[PDB]
Every structure is written in structure tokens, then in C-alpha cells.
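Take a look at the structure below.
2 protein chains.
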Amino acid sequence: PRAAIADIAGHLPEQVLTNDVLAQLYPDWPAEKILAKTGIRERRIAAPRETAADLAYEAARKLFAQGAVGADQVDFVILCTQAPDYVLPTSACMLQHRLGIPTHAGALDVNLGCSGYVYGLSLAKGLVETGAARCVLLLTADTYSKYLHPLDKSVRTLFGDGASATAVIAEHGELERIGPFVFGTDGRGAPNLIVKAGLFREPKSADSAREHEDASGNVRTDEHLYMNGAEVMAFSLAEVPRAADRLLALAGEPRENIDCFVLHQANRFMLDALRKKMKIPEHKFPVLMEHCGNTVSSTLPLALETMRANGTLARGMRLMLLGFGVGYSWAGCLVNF
Amino acid sequence: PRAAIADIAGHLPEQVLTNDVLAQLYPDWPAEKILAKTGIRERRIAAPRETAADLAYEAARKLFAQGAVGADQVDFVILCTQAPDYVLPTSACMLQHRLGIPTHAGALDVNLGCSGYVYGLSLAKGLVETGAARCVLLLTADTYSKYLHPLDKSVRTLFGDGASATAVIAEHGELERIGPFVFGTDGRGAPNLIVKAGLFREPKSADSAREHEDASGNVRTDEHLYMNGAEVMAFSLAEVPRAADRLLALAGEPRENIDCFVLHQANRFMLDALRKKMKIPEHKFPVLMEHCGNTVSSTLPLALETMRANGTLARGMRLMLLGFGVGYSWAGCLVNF
Numbered sequence: 008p009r010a011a012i013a014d015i016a017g018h019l020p021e022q023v024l025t026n027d028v029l030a031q032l033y034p035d036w037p038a039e040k041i042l043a044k045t046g047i048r049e050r051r052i053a054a055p056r057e058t059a060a061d062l063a064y065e066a067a068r069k070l071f072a073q074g075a076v077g078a079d080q081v082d083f084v085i086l087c088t089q090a091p092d093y094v095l096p097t098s099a100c101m102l103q104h105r106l107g108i109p110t111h112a113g114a115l116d117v118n119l120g121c122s123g124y125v126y127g128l129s130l131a132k133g134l135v136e137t138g139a140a141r142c143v144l145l146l147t148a149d150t151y152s153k154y155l156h157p158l159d160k161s162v163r164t165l166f167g168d169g170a171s172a173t174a175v176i177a178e179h180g181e182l183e184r185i186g187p188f189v190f191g192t193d194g195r196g197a198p199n200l201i202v203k204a205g206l207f208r209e210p211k212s213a214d215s216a217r218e219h220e221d222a223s224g225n226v227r228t229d230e231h232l233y234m235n236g237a238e239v240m241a242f243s244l245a246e247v248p249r250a251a252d253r254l255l256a257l258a259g260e261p262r263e264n265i266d267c268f269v270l271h272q273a274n275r276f277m278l279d280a281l282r283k284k285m286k287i288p289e290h291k292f293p294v295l296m297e298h299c300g301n302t303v304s305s306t307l308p309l310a311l312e313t314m315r316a317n318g319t320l321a322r323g324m325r326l327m328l329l330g331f332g333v334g335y336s337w338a339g340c341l342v343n344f
Numbered sequence: 008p009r010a011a012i013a014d015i016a017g018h019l020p021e022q023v024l025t026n027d028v029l030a031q032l033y034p035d036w037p038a039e040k041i042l043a044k045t046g047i048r049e050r051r052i053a054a055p056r057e058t059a060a061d062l063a064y065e066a067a068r069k070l071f072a073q074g075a076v077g078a079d080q081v082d083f084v085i086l087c088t089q090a091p092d093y094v095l096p097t098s099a100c101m102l103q104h105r106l107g108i109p110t111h112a113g114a115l116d117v118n119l120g121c122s123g124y125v126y127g128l129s130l131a132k133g134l135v136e137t138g139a140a141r142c143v144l145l146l147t148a149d150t151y152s153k154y155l156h157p158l159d160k161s162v163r164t165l166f167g168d169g170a171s172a173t174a175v176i177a178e179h180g181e182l183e184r185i186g187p188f189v190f191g192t193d194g195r196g197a198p199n200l201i202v203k204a205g206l207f208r209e210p211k212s213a214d215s216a217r218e219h220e221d222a223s224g225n226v227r228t229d230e231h232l233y234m235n236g237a238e239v240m241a242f243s244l245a246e247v248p249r250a251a252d253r254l255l256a257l258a259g260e261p262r263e264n265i266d267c268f269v270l271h272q273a274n275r276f277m278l279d280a281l282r283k284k285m286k287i288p289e290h291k292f293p294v295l296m297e298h299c300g301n302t303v304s305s306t307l308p309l310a311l312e313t314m315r316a317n318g319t320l321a322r323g324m325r326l327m328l329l330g331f332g333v334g335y336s337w338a339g340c341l342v343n344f
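If you read the sequences in order, they're chains A and B. With the authors' numbering as the guide, the letters of the first sequence map in order to residues 8 to 344. With the authors' numbering as the guide, the letters of the second sequence map in order to residues 8 to 344.
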């Protein structure tokens, strides 16, 4: 059997965080500046008690309603998230039950961020092509909003909450529909995108709750997200084009064969810098996060969904997907959609 | 390529929690009562600031020193844990760096408990047999000690801390060395084995810190582990024998062809009840947790290591591995060791 993407469905929460509201909160960041620096106009934010798993639930329901796959067919669930319901049990286990998926289905959570979708696809392909599953439900969901400090402008302008559901199914054919892959991990990048306090390396303390204002006027605590934007950008520029070139060389694939290079939707500034370095024309390089922002592991599937909606993605297209960020972690794959 | 288990190494922390020490803490539970009910005499406990990832680090170092694989050969890291360093970044990413594994290696964390090793093997096999990786480092690590209430006798008598490292490598041959698999998930079991407060479904509060004593004299809070022993036992008796039968039916093999049935090492009472229901001879049913207790995802690989040390596991033996617990989650596979 060969693994293929059967269908994708996204879900964004109801609350909207607009540039106008952020500009009212931050005098030094007017709406025009935010848009020029990020290309993001709006982000969606989960309700106070609404979790990433709740968003994934809605994404999966939407997927089933689209009619390519149903809950009864699902025999494995992978949830990629960095904001799970509990330390334990696994959030995917509860989703199996909530979605009415049969108890013979496998289920597990994966902790990855902006590289998560491509890694997720590698796992799903593995399960399908070894006969361990015939229909893998790959879910992505994040609520970074829950650990952004209200006065950390550097991250609140960037991140949105959201989820997706992808069905990876067994297909008959003499064509690789997902793959090959390239992978990357560099744990030296851990301090550059991190929530330091709150789990087992550093339990919450008086120290971790203390607010500190940085040289850019951003306020946070060790219990909130810290992002070194300069470092993350340097990492992305260093590793992403290299990864893309590795992947093409590995596959023996002519570069001209790629119809679309779909990258993790970090922001317009990052995406433009990558596009210029990679020498890819705009029509092969989607930038589609204006109204959702950076949704972490969900950026790629949400982009693919947006592409289908705006008529730029069709069956038979040759894609390269590239995810990169927190870890540091990155991965790329080719797709025959 | 075919996926095979190249080598396994375990690691237990130094601090020993004996039945005698527990008997001093719990007057109502003398050492003989603990041993009769659990079959456990000692558990190992991580140092206060020592994390599950720290234990996995030591397991991996031990594995490399055994000489079947080295850090330079590893091209994918999977860490199965329910006590990660941070909410983000992924703990496996830091382990890649700490262990001197190349940056071209993949790395991710999986959240599963007692079923984690078998699910981990399914993922590792998938990666190897689709050519995504040639040497998967599967790590298991838990520190349940960090969320047991000091006065919750039901759990402190059971759980130990520990880690393991398994190398799953590409082999040439006309034989399935790992597989096939059966899987199970039942999220209705979530409330029966759970740390309720502390993450995103229920952030810590005044209510979550409140201590309550149950009808068996056990004290806990919602920030500590809750285990409904009767429910977990009922679940295990209902699903494990059935899973084994399904697996043998899928494989088309009689139960007599299995040399060893290696089950998650929950405790002696549970293992005895399962052995009798499944009608398996004692010599094919290892009970090896007397000195380490229930180490969660590490129970199976630690058992396998113990079997190699006592000479009851050899290459060419046909094994059934069965993992079951928190989620609810379970899985079984056959192995040609």
C-alpha cells in the first residue's frame, strides 16, 4: 500500500485579535507597522477554557463532514500539539472517544511545533506502508495564546490558535504520493524558543512568576513563551534552503518539477527572505497567513486548505512541504497531491 | 529494508525506595502487606531535579557503550515520556544535542504511558521500512514519583522511575523481525488514571491543591496522580487476553509457537491474574519488576534486558509484547528477536 493525503480540514476559534486592538494596546506598534513587519492582519484566539484538543475535535468533525473519510474508517490517531489537556492521559486517547472512533484505533500525542506536520506525515506514511493502519487521522492543534504574556508584543503580533485534520490513507498505485523526507534537529536552539517553567525541568516558583521587561519593551515571565526572533530567523535562513536542496538531490528530482513550495507560515518577512534566497517565483511560493497568523504545527495544512479554497491547489500537483522552528526542529518532504 | 531490535539498555536512578521505608511511613501497610499485594520490594526514584529526559540520556549512553550502535549512526530519536522537561521545546531535541547525535537526525516526543513501548516500536518500524531512517533510537523514560502524593499508598507502593534505550535498525532479510501489531484506545478510561490539574484542561488553583483522604486511607490532590485500581484491573482483564488472541489470529500462528509473553509489568497480582486467564505456562510469562516496580513505558524494555541478563531471552525467540494502561491505551506485537 501507498500513503496518500485523502483530505484536509482546518478549524480556527471564534475570537479575533486584530491589528487595531494590538495597536491600541501597544503605542509603539501601529497597525500599519504590524502588517509591514509580519504580513498578519488578524489572528484567532481560543476561548479561555477551550484547549488545543477541543480545536482538533472541531477540525476532525469538519473533516468527516467533507465526506472523503468518516470516523468509522479511522484506525490510528496522531495528535501533534504543544498544549495538551493533561500531563497524562494522552489527549489523542480522549479524542478517539469524543469523535466516536473505534476502540481498535491506535492513538498517541506528539510534541513538536512548527516542524510537526511534516514529521507527522512521516509517521503516518510509516504506519500505512507497513500495514499497521489504513486510515491515519493526523491532527495538529495549538493554543500558544495560553502562554503569551499580554505585554510581549514580539509574539502576540505573530501567533494565532488553530487546528487541522488530515486523513492519510492506503492507496493503490505505482507512485510515491508522500515522500521522500529530510529531517533536522538541533537542540542547541532550545533556549531560543521556549516555555522554561511549568513542567519538570523547572517547576513554577516565585522566581518564574516574576515579570521582566526587555530592551525592546516586551514583558514576560519564565512561565510564558520566550522567542529570540533574531536567532530563529538566522536558523531558518541557514537551514531551510539547505534542506530543500538536500531533498531535491536525495530524490533525484529536477527543481523545475516542483509546482509549489509550501513553507511553514512564520510571517511575511521571513517568507519573503526565504523566497529570495531560494530563488523561487511568487506563484510557486504561497503566503497565506494574513488572517490566521502563525498557527504553529497547523500552518502547513491550513495553507493547503487555503490553497484549495483560492484555487491554487489541485490534484496531481507536485509539492514540497517545509516545516521549521521550535526545537530547533525541521523537516521537508515531497508530495504528489 | 526490514526493522529489527539491534540492542537494548536500561537505566534506573540511584535512590532506592524500599518496603521497609514505606512501612515506616505507612503504619497500616507493613512491609509484608506491601509485598503480598504488589510483588514489589524496591523502586528507584529520580533525584529531585533529575528529569525523565536525564534518565533517558543515561540509558542512551549505556546503549552506545554496549557497542551495537553509536551516536554517529542514529538518524531518528523517539522519546516516549509522560514527564517532559518543558511544555516546549520537545525533550528529544535536547537529547539529540546532549548525546552528540547528528543534526540530520529526526527527533520527537511521544506522550504515552504503559502502552508506549509497543506503539514506539510501530513508529520505529514504520520509519525504517519506508526508508525514512536506518537507525531509530527509541527512548522510554518516566518519573511518576514527581506527581505521587506522599500519602497516596496505592501508587507509591507501585511506581518506580526508570528509562530505556532501544536501537531499531534496517536489516536485510526475508523475515519480519518486528510485527504484526494490534492496537487499542478507549478514552472513556481517561478519568481512571490521570493527573487532572497542572496543564491546559485544568490549570492549578486553590481547589486543585486541596487534600482529600479516600476510603482506603490514601491522600491526594487533583495535582497528583489518581489511579482507580479496580477499574484499571477490570480494563486489563477485559482487553489484554482479547488483544493477544486478535494478534495471533492476524499473524495466523498458534499460541504455542510463542516462546515468551512479555507483558507490561503492572504488578505481580495483575500479572498472575492475566497469566491464568490467558492460560500461559509460567516459564513463558516473566514477572521481573520486584526491584524496580512499575516503570510505566520502560517496563517492557527493562524486562527484556533482565531476561537477557538471566539467560531467558536469546536471538531467534518468538516474543509477544503487550503494553496496556493509561489512556486507556493498549498495543501488542510479535517479535523475532
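Every residue gets a Cβ at the ideal spot worked out from N, C-alpha and C, and that includes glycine.
Item, Value
"Is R195/B close to chain A, meaning its C-beta is less than 8 Å from at least one C-beta of that chain?", "yes"
"Of all the residues that make up the region 86 to 109 of chain A, which are near chain B by a beta-carbon distance shorter than 8 Å?", "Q89, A90, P91, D92, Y93, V94, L95, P96, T97, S98, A99, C100, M101, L102, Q103, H104, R105 and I108"
"Hey, out of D14/B, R9/B, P8/B and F331/B, whose CA is closest to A316/B's CA?", "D14/B"
"Going by the CB atoms, is the gap between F344/B and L328/B shorter than 8 Å?", "no"
"Looking at the unbroken beta strand (DSSP E) that takes in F190/B, where does it start and where does it end?", "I185 to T192"
"Spell out whether any CB of chain B is found under 8 Å from the CB atom of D116/A.", "yes"
"Pick helix, strand or coil for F268/A, following the three-state DSSP scheme.", "strand"
"Which term fits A139/B, buried or exposed, when burial requires 16 or more other beta carbons within 10 angstroms of its beta carbon?", "buried"
"Under 8 Å, CB to CB, which of the residues in the region 290 to 310 of chain A have a partner in chain B?", "none"
"What number of angstroms, rounded off, separates the C-alpha of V226/B from the C-alpha of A38/B?", "19 Å"
"In the DSSP assignment, what residue or residues form a beta bridge with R315/A?", "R315/A pairs with nothing; no bridge assigned."
"In chain order, what residues of the same chain lie with their CB nearer than 8 Å to the CB of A258/B, ignoring the 5 residues before and after it?", "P187 and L341"
"Using 8 Å as the limit for Cβ to Cβ distance, is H111/A near chain B?", "yes"
"To the nearest angstrom, how far is it from the Cα of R195/B to the Cα of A204/A?", "31 Å"
"Specify the secondary structure class of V294/A as computed by DSSP and reduced to three states.", "coil"
"Mind the definition here: the region 135 to 155 of chain B touches the region 97 to 115 of chain B only if three or more C-beta pairs lie below 8 Å; say whether that holds.", "yes"
"Quick check on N235/A: does DSSP put it in helix, strand or coil?", "coil"
"Cβ of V202/A less than 8 Å from any chain B Cβ?", "yes"
"Ordered along the chain, which non-local residues of its own chain (more than five positions away) have a Cβ less than 7 Å from that of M240/B?", "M277"
"DSSP on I52/B, reduced to helix/strand/coil?", "strand"
"Can you tell me the Cα-Cα spacing of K132/A and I185/A, whole angstroms?", "7 Å"
"Could you check if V125/B is buried or exposed, using at least 16 other CB atoms within 10 Å of its CB as the buried criterion?", "buried"
"Hey, could you find the ends of the beta strand (DSSP E) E178/A is sitting in?", "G169 to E178"
"List, in chain order, every chain A residue whose beta-carbon is nearer than 8 Å to that of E136/B.", "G133, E136 and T137"
"Near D266/B, which residues of its chain fall below 6 Å by C-beta distance, leaving aside the five closest residues on each side in sequence?", "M324 and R325"
"Could you tell me if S212/A is buried or exposed, where buried requires 16 or more neighbouring beta carbons within 10 angstroms of its beta carbon?", "exposed"
"So, does the CB of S129/A fall closer than 8 Å to a CB anywhere in chain B?", "yes"
"Considering only the alpha carbon of each residue, which of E263/B, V269/B and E220/B lies closest to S305/B?", "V269/B"
"How many Å lie between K160/B and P210/A at the Cα?", "24 Å"
"My output table needs one value for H104/A: the three-state DSSP class, helix, strand or coil.", "helix"
"Counting only runs that start and end within the region 13 to 60 of chain B, where is the alpha helix (DSSP H) found for 4 or more residues in a row?", "26 to 32 and 38 to 45"
"Pick out whichever of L200/B, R48/B and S152/B has its Cα sitting closest to the Cα of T25/B.", "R48/B"
"Using a Cβ-Cβ cutoff of less than 8 Å, which residues in the same chain neighbour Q22/B once the five nearest sequence positions on both sides are dropped?", "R51, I52, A53 and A54"
"Is the region 150 to 167 of chain B in contact with the region 53 to 69 of chain A, if contact means three or more CB pairs nearer than 8 Å?", "no"
"Buried or exposed, going by whether 16 or more other CB atoms sit within 10 Å of the CB of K153/A?", "buried"
"Is the separation between the beta-carbon of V333/A and that of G167/A shorter than 8 Å?", "no"
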